[PDB]
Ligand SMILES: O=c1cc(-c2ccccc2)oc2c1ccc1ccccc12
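Next up: a single chain in structure tokens, the form solved without 2-phenyl-4H-benzo[H]chromen-4-one (BHF).
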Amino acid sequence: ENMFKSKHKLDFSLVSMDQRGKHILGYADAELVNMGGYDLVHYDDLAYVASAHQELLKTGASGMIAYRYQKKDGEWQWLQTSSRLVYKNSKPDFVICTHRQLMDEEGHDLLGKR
């Protein structure tokens, strides 16, 4: 359903985002090129995304229960992301992420459980 995917480097910087994700967030391709992994992450969620970044690179998978990504209009879009390392050859190559939109009341309910 309203789930979208995005490709990232191992440092979490954006490589690609599907059209559904760009419609939800409101950004064009030129606005997301060479965009850092924490660029649009809410200040209150920097440490949380950072720890899931460490779990991802050490284990190969990670799950972010609820965090905030700033939309182009200024509003905050709560997300629920599942990250995984994709292997080219037999080395970690890039990161694939599967997100899901969350309502404001839903993301704030998960804030105390993440």
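The first residue of the shown sequence is 1; numbering continues from there.
Heads up, the form deposited with 2-phenyl-4H-benzo[H]chromen-4-one (BHF) bound isn't pictured, but that's what we're talking about next.
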Any chance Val49 has a heavy atom within 4.5 Å of 2-phenyl-4H-benzo[H]chromen-4-one (BHF) in the deposited complex?
yes
So, in the deposited complex, is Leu85 in contact with 2-phenyl-4H-benzo[H]chromen-4-one (BHF) at a 4.5 angstroms heavy atom limit?
no
Indicate whether 2-phenyl-4H-benzo[H]chromen-4-one (BHF) has at least one heavy atom within 4.5 Å of a heavy atom of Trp76 in the deposited complex.
no
According to a 4.5 angstroms non-hydrogen atom cut-off, is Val41 in contact with 2-phenyl-4H-benzo[H]chromen-4-one (BHF) in the deposited complex?
yes
